[PDB]
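Worksheet: one structure, shown below.
Proteins come first, then strands; the chains are lettered A, B, ... in the order of their sequence lines, and each starts at number 1. Values below: all heavy atoms of this structure, side chains included; hydrogens, waters and symmetry mates excluded.
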Protein chains: 2
Amino acid sequence: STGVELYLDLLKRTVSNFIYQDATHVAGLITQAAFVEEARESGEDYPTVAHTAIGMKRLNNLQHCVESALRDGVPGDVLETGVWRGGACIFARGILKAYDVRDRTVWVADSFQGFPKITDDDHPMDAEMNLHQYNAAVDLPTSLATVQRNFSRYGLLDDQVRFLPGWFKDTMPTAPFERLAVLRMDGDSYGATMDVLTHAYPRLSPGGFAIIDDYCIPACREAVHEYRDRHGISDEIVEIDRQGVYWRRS
Amino acid sequence: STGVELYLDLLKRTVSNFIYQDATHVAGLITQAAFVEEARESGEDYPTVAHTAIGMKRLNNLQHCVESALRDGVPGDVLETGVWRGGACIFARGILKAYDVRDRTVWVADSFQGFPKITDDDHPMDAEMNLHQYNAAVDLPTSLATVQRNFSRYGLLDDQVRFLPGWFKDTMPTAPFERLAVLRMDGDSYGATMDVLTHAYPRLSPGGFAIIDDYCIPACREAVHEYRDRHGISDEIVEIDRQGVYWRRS
Ligand SMILES: CC[C@H]1OC(=O)/C=C/[C@H](C)[C@@H](O[C@@H]2O[C@H](C)C[C@H](N(C)C)[C@H]2O)[C@@H](C)C[C@@H](C)C(=O)/C=C/C=C/[C@@H]1CO[C@@H]1O[C@H](C)[C@@H](O)[C@@H](O)[C@H]1O
Ligand SMILES: CC[C@H]1OC(=O)/C=C/[C@H](C)[C@@H](O[C@@H]2O[C@H](C)C[C@H](N(C)C)[C@H]2O)[C@@H](C)C[C@@H](C)C(=O)/C=C/C=C/[C@@H]1CO[C@@H]1O[C@H](C)[C@@H](O)[C@@H](O)[C@H]1O
Ligand SMILES: Nc1ncnc2c1ncn2[C@@H]1O[C@H](CSCC[C@H](N)C(=O)O)[C@@H](O)[C@H]1O
Ligand SMILES: Nc1ncnc2c1ncn2[C@@H]1O[C@H](CSCC[C@H](N)C(=O)O)[C@@H](O)[C@H]1O
Ligand SMILES: [Mg+2]
Ligand SMILES: [Mg+2]
């Protein structure tokens, strides 16, 4: 175990709070508050304190994607769309820091207000799901200032972390990045997924990775397949855990 | 910058819980529960959750002592007497892990049940202080099993961590280590300090470090000076923060 391996291993345990094992909110299928190791390992609970909810398997996937991009010389930045308390983005910045990468940026995109209120412009599956109803229940609204504060606690708030506050339909089309090596999508809805695929995926480098955190949600999956069909994308969809999948852009 | 530096920096922030900033118990001179950065930085509060109470300055000192011993080839193990939830010993094991040191052990010595009830054999200053009164108030009693669990959460429970459960007057004289490079004393009382100086200090290598966590406590200081006078020890006492001091054995 090298210094780098030890740091990144600890960083994953810390952002997911395997260290102190905070209770989960009781919501959805989670019926008790107790920390359950298997649930945190696969990112299935709603941490009361942890900086990410994606779990160890999806953190490991993020590491694999970033390391592979670095190893293979895939150009570009890392973007996460849907960051909550920022833990996955903190981890991404940590990976770059561990390898002393100074020429890539972690872009942190969120409304910083939780899920949007549904209107008649929403896809019917998003309207039915109405994720907005869960904002308070899982402490989803997390301000930009809080996310910045969280980065600073790890010593990782610096000029290689850039923030894109706003709804993805507004921020993605003109987001100032030129190229992405990893595009990590974690907005849950058809709308958020389609917004980001439409406006950010064209900037994903060949050899880069597209991660769909919420593929288990029918609305999200619907967007993925509609987008891939439209663009003739046949790159293998690889399952990570019970929620997430990814593909590598050929 | 380097992987090692990043890992050890993160490990300090984690064991002291600068990451999630848990409340303090309201006790002693601490009059409110809120996390205060300055108090955790100098190890002056009573963390509700964090694995160590010693704070960042004393964690930095422990790192300095261990790194200096390794750098200078000072032979021996690391012993902490008075470990609470184990965070300072977890950090010590992490330092050895970071440098891939396989030939030194971290010894973890505690009653694993908090301060002892005062008896007629106790030093009058210890009787007056009666540290036993605080056990439950600051959650001091922490079992061996809990401490082992805590090490495991960092991936640092292995055969280079050895436990010495019991009162120091019982465990120290025949503790199986031969040599120490760092002796970290954090038992607060005249009795605990004198027990450990008497029975462990003779095994501290020349060039090794003796850390007195609780030098601000009159009873502890009394023991330190009595011991040093008895043995003709004049090695400079160097202040770390508002509580701790150390010297290097010449
Ligand atoms: C609490 C927040 C959460 O809400 C739930 O989990 C709600 C679960 C419903 C209650 C389920 O319905 C029940 O199924 C029973 C089996 C039979 C029930 N009935 C018929 C008796 C029926 O009522 C769902 C199956 C409904 C479908 C539409 C669905 O998938 C909805 C997804 C909702 C996801 C939100 C956001 O969480 C995101 O999750 C991502 C995965 C994470 O990565 C992360 O990003 C996170 O932020
Ligand atoms: C809560 C637990 C704690 O209790 C206290 O802190 C009690 C503080 C008293 C209230 C103080 O009195 C006040 O002084 C004011 C200056 C004027 C006040 N008054 C007359 C106006 C007077 O009332 C003390 C100074 C009294 C002296 C005998 C002393 O030092 C006692 C030490 C007690 C330490 C325990 C164990 O905590 C350990 O501390 C280590 C240092 C840590 O590293 C760590 O190991 C930890 O576990
Ligand atoms: N259309 C939209 N535009 C911008 N942000 C959105 C959005 N829909 C959802 N979000 C945001 O998407 C996030 C979903 S949760 C993200 C989890 C996070 N990746 C983690 O590591 O735990 C929330 O922060 C929410 O505010
Ligand atoms: N005589 C004695 N023998 C063994 N353990 C003792 C003792 N007197 C006090 N202790 C133990 O000394 C510890 C004091 S607190 C130690 C704090 C710890 N170093 C940290 O990193 O935060 C407690 O765990 C208590 O159980
Ligand atoms: Mg998700
Ligand atoms: Mg102390």
Practice prompt. Keeping to residues at least two apart or across chains, list the ring-ring contact (aromatic ring centres under 6.0 Å, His included) pairs with something in residues 28-50 of chain B.
Written response: B/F18-B/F35

Worksheet entry | Main-chain N/O of A/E37 paired to A/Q21 side chain as donor or acceptor, under 3.5 Å | no

Practice prompt. Not counting sequence neighbours, which residues clear ring-ring contact (aromatic ring centres under 6.0 Å, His included) with B/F168? List them please.
Written response: none

Discussion item. Using 30° and 60° as the class boundaries, would you call the ring planes of B/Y201 and B/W247 parallel, tilted or perpendicular?
Written reply: tilted

Fill in: Sidechain-backbone polar pair: B/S205 side chain, B/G208 backbone, donor-acceptor under 3.5 Å
no

Worksheet entry | Atom of A/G3, atom of B/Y7 and distance for their closest heavy-atom approach | O-CB, 4.0 Å

Worksheet item: In Å and rounded to the nearest 0.5 Å, what is the CE to OG1 distance from A/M56 to A/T52?
Response: 10.5 Å

Item to complete: Take B/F163 and B/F112 through the side chain to side chain contact (heavy atoms under 4.5 Å, CB included) test and state the conclusion after the steps.
Response: CA-CA 10 Å; B/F163 301 87; B/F112 300 99; 4.2 Å; yes

Worksheet entry | Donor-acceptor pair, side chain of B/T48 and main chain of B/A23, under 3.5 angstrom | yes

Practice prompt. Mind checking salt bridge (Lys or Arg N to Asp or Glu O under 4.0 Å) for B/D214 and listing every partner two or more places apart, or none if nothing turns up?
Written response: none

Item to complete: Write out all pairs satisfying ring-ring contact (aromatic ring centres under 6.0 Å, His included) with one or both partners inside residues 72-111 of chain B, taking only residues at least two apart or from two chains.
Response: B/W107-B/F177

Worksheet item: Quick one: does B/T81's side chain get under 4.5 Å of B/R184's, heavy atoms only?
Response: no

Worksheet item: Under 4.5 Å between any side-chain heavy atoms of B/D188 and B/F115, yes or no?
Response: yes

Worksheet item: Got A/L70 and A/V101 here, is their nearest side-chain heavy-atom distance under 4.5 Å?
Response: yes

Discussion item. Give me the atom names and distance for the closest heavy-atom approach of B/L204 to B/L183.
Written reply: CD1-N, 4.0 Å

Worksheet, complete the sentence: Interatomic distance, CG@A/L157 vs CZ@A/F151, rounded to 0.5 Å, equals 7.5 Å

Worksheet item: Sub-3.5 Å donor-acceptor pair from the side chain of B/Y190 to the main-chain atoms of B/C220, do we have one?
Response: no

Discussion item. Please find the pair of heavy atoms, one from B/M129 and one from B/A219, that lie closest to each other, and give the distance.
Written reply: CE-CB, 3.7 Å

Fill in: Side-chain heavy-atom pair B/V245, B/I240 within 4.5 angstrom cut-off
no

Worksheet item: At what distance, to the nearest 0.5 angstrom, does CG of B/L156 lie from NZ of B/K97?
Response: 7.0 Å

Practice prompt. Indicate whether the side chain of B/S250 and that of B/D235 have a donor and an acceptor atom separated by less than 3.5 Å.
Written response: yes

Worksheet item: Distance from B/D126 atom CG to B/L131 atom CG, nearest 0.5 Å?
Response: 7.0 Å

Discussion item. Do B/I217 and B/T193 have side chains that approach each other closer than 4.5 Å (heavy atoms only, starting at C-beta)?
Written reply: no

Worksheet item: Which pair of heavy atoms, one from B/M194 and one from B/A223, lies closest together, and at what distance?
Response: CE-O, 3.6 Å

Output side-chain donor-acceptor pairs under 3.5 Å for residues 141-149 of chain B, partner residues at least two apart or in another chain, one line each.
residue	atom	partner	partner atom	Å
B/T142	OG1	B/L140	O	2.9
B/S143	OG	B/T146	N	3.1
B/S143	OG	B/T146	OG1	3.0

Discussion item. Does the plane of the ring in B/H64 sit parallel, tilted or perpendicular to the ring in B/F209? Use 30° and 60° as the thresholds.
Written reply: perpendicular

Discussion item. What verdict does the salt bridge (charged side-chain N to carboxylate O under 4.0 Å, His left out) test give for B/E44 and B/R242, after you've listed the backbone C-alpha separation in whole Å, the side-chain angles of each residue and the deciding distance to 0.1 Å?
Written reply: CA-CA 8 Å; B/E44 294 183 0; B/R242 307 205 292 185; 2.8 Å; yes

Response to the item:
Applying side chain to side chain donor-acceptor pair (under 3.5 Å) to A/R40 and not counting sequence neighbours gives A/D22, A/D45

Worksheet item: For B/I54 and B/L59, what are the C-alpha separation, side-chain angles and deciding distance, and is it a side chain to side chain contact (heavy atoms under 4.5 Å, CB included)?
Response: CA-CA 7 Å; B/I54 74 173; B/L59 285 162; 3.9 Å; yes

Fill in: Heavy-atom side-chain contact between A/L164 and A/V108 under 4.5 Å
no

Fill in: Heavy-atom pair of closest approach, residues A/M185 and A/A210
CE-CB, 4.1 Å

Item to complete: Please assess B/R248 against B/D72 for the test side chain to side chain contact (heavy atoms under 4.5 Å, CB included), listing each intermediate value before the final yes or no.
Response: CA-CA 13 Å; B/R248 188 175 203 170; B/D72 298 347; 2.7 Å; yes

Discussion item. For the backbone of B/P206 and the side chain of B/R249, can you confirm whether one donor and one acceptor N or O come within less than 3.5 Å of each other?
Written reply: no

Worksheet item: Any salt bridge (charged side-chain N to carboxylate O under 4.0 Å, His left out) pairs touching residues 150-164 of chain A, not counting sequence neighbours?
Response: A/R93-A/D158

Discussion item. Any non-hydrogen side-chain atom of B/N61 less than 4.5 Å from a side-chain atom of B/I211?
Written reply: yes

Worksheet item: Can you tell me how far CG of B/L6 sits from OG1 of B/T2, rounded to the nearest 0.5 angstrom?
Response: 6.5 Å

Worksheet item: What do you reckon, are the aromatic ring centroids of B/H25 and B/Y134 less than 6.0 Å apart?
Response: no

Worksheet entry | side chain to side chain contact (heavy atoms under 4.5 Å, CB included) evaluation trace for A/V66 with A/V78 | CA-CA 8 Å; A/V66 176; A/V78 176; 4.2 Å; yes

Practice prompt. Under the ring-ring contact (aromatic ring centres under 6.0 Å, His included) rule, collect the residues that match up with B/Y154, sequence neighbours excluded.
Written response: B/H51

Response to the item:
Shortest non-hydrogen pair, A/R13 vs B/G155, comes out as NH1-N, 3.6 Å

Item to complete: Check for a donor-acceptor pair, side chain of A/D110 on one end and backbone N or O of A/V83 on the other, with a separation under 3.5 Å.
Response: yes

Worksheet item: Any donor-acceptor pair under 3.5 Å linking the side chain of B/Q160 with the backbone of B/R104?
Response: yes

Worksheet item: Is any side-chain N of the basic residue among B/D213 and B/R58 closer than 4.0 Å to the acidic one's carboxylate O?
Response: yes

Fill in: All side chain to side chain donor-acceptor pair (under 3.5 Å) counterparts of A/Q63, not counting sequence neighbours
A/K12, A/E67

Discussion item. Once side chain to side chain donor-acceptor pair (under 3.5 Å) is applied, do any residues pair with A/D139, and if so which ones, sequence neighbours excluded?
Written reply: A/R85

Worksheet item: Hey, would you say the A/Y20 and B/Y20 ring centroids sit under 6.0 Å apart?
Response: no

Item to complete: Just jot down the salt bridge (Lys or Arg N to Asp or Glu O under 4.0 Å) partners of A/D77, sequence neighbours excluded, or say none.
Response: none

Worksheet item: How far does CG of A/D103 sit from CG of A/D100, to the nearest 0.5 angstrom?
Response: 10.0 Å

Worksheet item: Can you name the residues that form a ring-ring contact (aromatic ring centres under 6.0 Å, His included) with B/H132, not counting sequence neighbours?
Response: none

